[PDB]
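These notes concern the structure reproduced below.
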Amino acid sequence: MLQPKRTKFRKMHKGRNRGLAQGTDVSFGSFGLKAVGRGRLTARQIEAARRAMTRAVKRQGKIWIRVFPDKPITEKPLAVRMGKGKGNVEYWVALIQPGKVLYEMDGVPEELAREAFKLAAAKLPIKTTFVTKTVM
Amino acid sequence: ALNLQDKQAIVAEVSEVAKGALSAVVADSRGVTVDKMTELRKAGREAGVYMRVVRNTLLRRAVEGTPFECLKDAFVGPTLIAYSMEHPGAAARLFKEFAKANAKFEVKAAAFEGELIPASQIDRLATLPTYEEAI
Amino acid sequence: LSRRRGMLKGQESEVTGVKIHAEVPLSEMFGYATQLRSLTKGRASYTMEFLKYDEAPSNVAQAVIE
Amino acid sequence: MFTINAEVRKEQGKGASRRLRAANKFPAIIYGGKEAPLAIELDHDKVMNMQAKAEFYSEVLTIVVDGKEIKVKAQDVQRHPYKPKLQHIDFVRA
Amino acid sequence: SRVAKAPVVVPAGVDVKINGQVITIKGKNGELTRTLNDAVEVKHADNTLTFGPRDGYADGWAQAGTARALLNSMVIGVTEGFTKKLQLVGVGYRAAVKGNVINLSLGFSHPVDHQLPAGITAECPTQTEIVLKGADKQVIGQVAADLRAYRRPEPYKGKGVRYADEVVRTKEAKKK
Amino acid sequence: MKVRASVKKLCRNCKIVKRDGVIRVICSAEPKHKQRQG
Amino acid sequence: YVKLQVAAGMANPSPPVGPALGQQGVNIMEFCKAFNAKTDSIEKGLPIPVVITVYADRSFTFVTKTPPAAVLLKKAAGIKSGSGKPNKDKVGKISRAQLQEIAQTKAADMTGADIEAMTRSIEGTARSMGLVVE
RNA sequence: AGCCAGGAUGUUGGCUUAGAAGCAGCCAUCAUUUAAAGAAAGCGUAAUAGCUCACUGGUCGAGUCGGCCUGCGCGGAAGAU
Ligand SMILES: [Mg+2]
Ligand SMILES: [Mg+2]
Ligand SMILES: [Zn+2]
């Protein structure tokens, strides 16, 4: 369950999620799961997808998580009225824009890499795709 | 290239073996076990017989260069062409005994360097003598 | 036997049938002849005698409470 | 051995570039050396297949514009963030 | 459709009547009549039949391919016959015929009496098998299917009515 | 029959067929593989 | 119509022998003496395959095969086990010279007429069983 | 596509295992015969057996096989007068 060890502020504004993504290219491994849609990846969703693919690769090769949940999401408790200050932080998400590489792996065959990424993407709330490292 | 060049290669050695061979027998080998065919192949090798099954389309053009264009005529059905180099007939005799022993092994056509001997006349080559008889 | 989690240690055939030797817990071998007859049309028989001890699985040990 | 056909762009700018990308072409630039830079427009599919091969970024490319040939090398490629498409290419005269 | 490319060769002694989409075939076995689809054009060539798609029909070749199969089956049915073999598996199941009517004992509290259609005949060489003879492939297939559906074969012991050509996939029971 | 949103070939002997605008997976080797989309 | 692999000189003891022919309905004593004849004529104490092909018409035929290459090579290397990791452990050493006699022994079983081909096949088996071949 | 054949020999590869014989799992990964046959992609067996597939030959006589973008559709889709 990824989470910032310390933060300068406990809570932050809702903000927006406009624009396209940085970190488009495959930088560490050989294969990658790149997002196509946009949305929020919860720490729970990220760590679940990691488990899903690390069990599929039989602990072979290396896996990199290119995203990190660092935006705290607050939630008011049930049966409370509006106002009286901002709600308490409940979970952390990572804002995602199209073209963002989320996971990366190397040291496994491509055919198995696609299966691992398929099983991982089955756990993700946003559309994804499979990409391979390119030479530019 | 690829399988086409593979056919280009395949036709070459069979054409050259037909050049270097003495007698030719082509027979039907349908419904025969591999463990029975392997014994036929060992027997043929022990007596100087080269027998190979190839595609009929390839083999017509393989034997066009060879003397038996007469043999080329029929080439219908499964075909195991046998080149009786060494004593002229070691293949025909074996094919006759394998026929009565293993049914479905049909002798069909055969070649006596130019004349097309049918299945009813293979006995001439089956009964030929050995070459070293001048003594 | 495998469903009864009994390690099989032998499958000696015979002119009559087949003799099978295994090691199975006493507690889970309870009521075995009925099922044996059901599986073999009542055309089989078994003899059983205590052999040794082994550690019970954690779920069984947790269930055992006094 | 890698040869490409291209045309000199008539209008530069974001709107024109998007017009080309919609029209199945895409722009590229050629610079380097004494000559002034040359903005070119070229088919997307042909270059996509050419770039598919890893050697596209190793050998010397040839570009045919206005019936004359220029020796270049691929310097930088801008790809579509998620779609398998090329946005832009940088060529340096070889 | 390249089944429809292949022509159907009508044999001797068989007449073909074509009235547009409606055709009639008569042979030594019997008579059949069928109304073809409007999207298929049939032509009686020189002692053979040809099929094609009409113009202005999206279906076209598929309909022509279906039509060829139907006419080929009709020709076979009028020249030779169509036969089906049914086998009864069980302790007490038996069958008999009384003139286009099969009486069956299929382990029921009542006898089963099936009345055949017009051009179907049934004979019982034994009490455990049935031979159905006809000219219409679809009709004889339907009759065999109905006879099977009276007592579909049973997965644990094969008890029921099956086809002789049929292989029944059995099963096993561990009796809990 | 398994009525699911996701119907798939569970084995080589499974075949996908559309029958009434409805997708059905039929298996000649295993009844448990028979599925309908719904 | 069956098959077996009774050890040499062990037809008299009937642990799986008696059962096998017992179901078929064949007399053990007659098979025993006949098998024993060949099993004693050869190195006693070795798994020797036998194609006991009794025709259901109360026939009695048997064709003993050459002992398997596995046991031949493991005895030649003086090992009573096998390579768990044929690529890594690779234990038990043999000799190219030692491949010729067993090749001659089993030449009656294979099809190729080349003795070197026979040795290449048995050493292909040797690499599978992880034997140190020079 | 289909249809007719073959689909093998060391060998039951080795380890492990009650059993592991192509098909529990773990390490390879051959040669031989070939037209071709995987130290096996399935089903099946306690294990065998058996039924296949890949592959190859025969037959047939014209096109055929998949992957990528993209348009419009299909199911997913149950409420109360
Ligand atoms: Mg604008
Ligand atoms: Mg098994
Ligand atoms: Zn299935």
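As the structure lists them, so they are numbered: ligands from 1, and atoms in each ligand from 1. A, B, ... follow the sequence lines: proteins, then strands. Residue 1 opens every chain. In what follows, every heavy atom counts, from backbone to side chain, and hydrogens, waters and symmetry copies are set aside.
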- Minimum heavy-atom distance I48(G)-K65(G), with the two atoms named: CG2-O, 3.2 Å
- Query: Parallel under 30°, tilted from 30 to 60°, perpendicular over 60°: which one fits the rings of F31(G) and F35(G)?
  - Reply: parallel
- Query: Are the aromatic ring centres of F31(A) and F117(A) under 6.0 angstrom apart?
  - Reply: no
- Message: Are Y1(G) and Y55(G), when compared by the centres of their aromatic rings, separated by less than 6.0 Å?
- Response: yes
- Message: I want to verify a count. Protein N, O or S atoms less than 2.8 Å away from the Zn ion (ligand 3), how many are there?
- Response: 4
- Query: Under 6.0 Å from the NZ atom of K71(A), do we count more than 12 heavy atoms belonging to anything else shown?
  - Reply: yes
- If you measure only the distance, is there a donor-acceptor pair under 3.5 Å linking the side chains of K34(A) and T129(A)? no
